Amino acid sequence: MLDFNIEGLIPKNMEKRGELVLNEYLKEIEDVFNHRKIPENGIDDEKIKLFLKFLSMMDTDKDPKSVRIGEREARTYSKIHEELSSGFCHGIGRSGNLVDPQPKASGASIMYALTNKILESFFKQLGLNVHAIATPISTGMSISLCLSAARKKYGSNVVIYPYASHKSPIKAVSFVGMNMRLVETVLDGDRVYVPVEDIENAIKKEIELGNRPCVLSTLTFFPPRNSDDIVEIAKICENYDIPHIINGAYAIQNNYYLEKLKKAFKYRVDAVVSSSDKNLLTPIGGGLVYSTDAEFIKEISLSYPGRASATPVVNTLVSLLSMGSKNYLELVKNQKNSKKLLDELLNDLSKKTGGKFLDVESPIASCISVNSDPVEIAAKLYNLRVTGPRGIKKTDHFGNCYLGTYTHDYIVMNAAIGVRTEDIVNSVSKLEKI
């Protein structure tokens, strides 16, 4: 892989060992190029920087002999720029097409293509045979891309939306100027869900009126609400021959959701969208979009206007190469034990106060009831180093994802992938104190 004139400096024996050593050290980098799969063992940072560097040197703006008189030559002022862009100053993709190789880049294009290959590989490790693409934008902004693709490929003009009250997906629908048709949730004990029956009727109504609907199902949401029946909805859509897009914000981190996706993929799921920071532990900013429909993923990368920053994509490529499949499946295992601990501990506090360890579906988050004002108990936690706890009032429509009155005033906590025991033990402790 690497070879340079080193003769006449050291004796043959040392010369050969140095070469043997140099090749072995570079082996992990060489395999990525040759196998393009998520490595079993995580690769060290310095070795990944050397990898990104090998690709960054292939971009046009790195040529010392070229005469540059273009309109966007990608000149940068500070070195700090090269650090943040990882050397990919020309950003990613060609105008109006993300996954399309940029003639001025070349290095950035290979890293993008390699990153999607490895993402797809990662999915196969998890049991999902899909076509995947890392997106340089939020998951909500990524949903827009999907909504926009369906809108141009099938003609969608209205979105059937099983109620999921999160600012992102809601704003994504309005961002693309598409009409929404909500589908209220219903109460059932301590839960809230959306009857697949009402969705099918919403779909029928829209089709009766002359529209071409498409469903935006939601697979991962806060405790109160049940993951939608992705499988069922997926059948309906196939029967009606309508596009189905799934908001899988944090579906990739655990089996509970992966299985639903596996079974839903049997029928119609045009695309799934997932957060890269919630699932691959990447800093905020990027998304993962996957599906069994190669045709649809391409359209998705054709919805993005202009060129984008390569940084978020590189961050993903960095989670994949840095963690590796072993360490990932291990974080997933640690998740399970963290959750259980979170339950068989939060349930104990139910004995102390009034009680009632709510019985919700979430394989990540738990909920406990309380008398005091949730919002206040929450803020009282914010001011105790605790980050992430939610305090919802039974009268909090948006927070409960239920238009009527909810049955409890609670405090939900999460056991996301990568959560440390301390986050659990001590979050519960700071809780008892109130």
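From 1 onward, residues are counted along the sequence shown.
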{"query": "Mean temperature factor over C-alpha atoms, higher-scoring stretch between 375-383 and 48-56", "finding": "375-383"}
{"query": "Of 188-196 and 325-333, the one with larger mean CA B-factor", "finding": "188-196"}
{"query": "Candidate residues 347, 109, 135, 291, the one whose C-alpha B factor the record puts highest", "finding": "347"}
{"query": "Residue with highest C-alpha B-factor in the PDB entry, from 148, 115, 121, 179", "finding": "179"}
{"query": "Relative C-alpha B-factor of residue 70, binned into the chain's lowest, middle or highest third", "finding": "highest"}
{"query": "Cα B factor band for residue 274 (lowest, middle or highest third within the chain)", "finding": "lowest"}
{"query": "Residue 242, C-alpha B-factor rank within chain (lowest, middle or highest third)", "finding": "middle"}
{"query": "Chain thirds of CA B-factor: placement of residue 391", "finding": "highest"}
{"query": "Third of the chain's Cα B-factor distribution that residue 63 belongs to, per the entry", "finding": "middle"}
